[PDB]
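In: I would like to see how this sequence folds:
(3 chains)
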Amino acid sequence: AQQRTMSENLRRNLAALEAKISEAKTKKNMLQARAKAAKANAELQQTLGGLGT
Amino acid sequence: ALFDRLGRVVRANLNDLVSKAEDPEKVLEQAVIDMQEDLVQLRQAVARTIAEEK
Amino acid sequence: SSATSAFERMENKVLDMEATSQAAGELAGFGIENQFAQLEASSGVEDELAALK
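Out: Residues are numbered from 1 along each chain as shown, chains lettered A, B, ... in the order given. Structure as follows:
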């Protein structure tokens, strides 16, 4: 019975791990694009502002 | 803002140097020839996928 | 002597942290009965549609 219990616990932990995996999969595709959009906005602001030369 | 000004000076001077050597007629002809060769290359590139369709 | 006498207790006390983690995860992750309820719910309407067809 306790063997079955440990098996159930490990199954649930596996499910949680896979859920976090899916989270990271969903975050990766768009965070990089947003990072690049931020750099483009920074370039635009640098070209617009008169800060420095 | 020193680095920026120095870099702009360098680039402006290089641009002026390379612009005082740009002959209009000769480089115009060469640009036309380059355009022609690029067209040939592009046409082959398109044929590449025109084949994959069949 | 009888290294078991000590090792067994070591593993038994590691099982304590194991059970604590299990309890935390389960208290934060009750989704099984709800999933099976959704399964029953959907199966009902699916059987209705099967009979209709």
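
In: what residues does chain C put near chain A?
Out: Residues of chain C lying near chain A by Cβ under 8 Å from any Cβ of the partner chain: C:18, C:22, C:25-26, C:29. C-beta: built from backbone N, CA, C; applies to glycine.

In: Adding neighbour count, write those residues out as a markdown table.
Out: Compiled in a markdown table, the residues of chain C next to chain A are given as follows (neighbours: other Cβ atoms under 10 Å in any protein chain shown):
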| residue | neighbour count |
| --- | --- |
| C:18 | 14 |
| C:22 | 18 |
| C:25 | 14 |
| C:26 | 14 |
| C:29 | 13 |
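
In: List just the nearest of these to chain A.
Out: residue C:22 (4.6 Å; Cβ to the nearest Cβ).

In: Pull out the buried positions in the longest helix along chain C.
Out: If you go by DSSP state H, chain C has its longest helix at helix C:4-28. Buried positions in helix C:4-28, judged by neighbour count with 16 or more other Cβ atoms under 10 Å in any protein chain shown: residue C:22.

In: can you pull the contacts of residue A:36?
Out: Residues near residue A:36 by Cβ atoms under 8 Å, 6 or more residues apart in numbering or on different chains: none.

In: Helix C:4-28 and the one helix or strand residue A:39 maps to, what's the angle between them?
Out: Assigned by DSSP states H and E, residue A:39 belongs to helix A:2-48. Relative orientation of helix A:2-48 versus helix C:4-28 (axes from the mean of the first three to the mean of the last three Cα atoms, to 10 degrees): 60 degrees.
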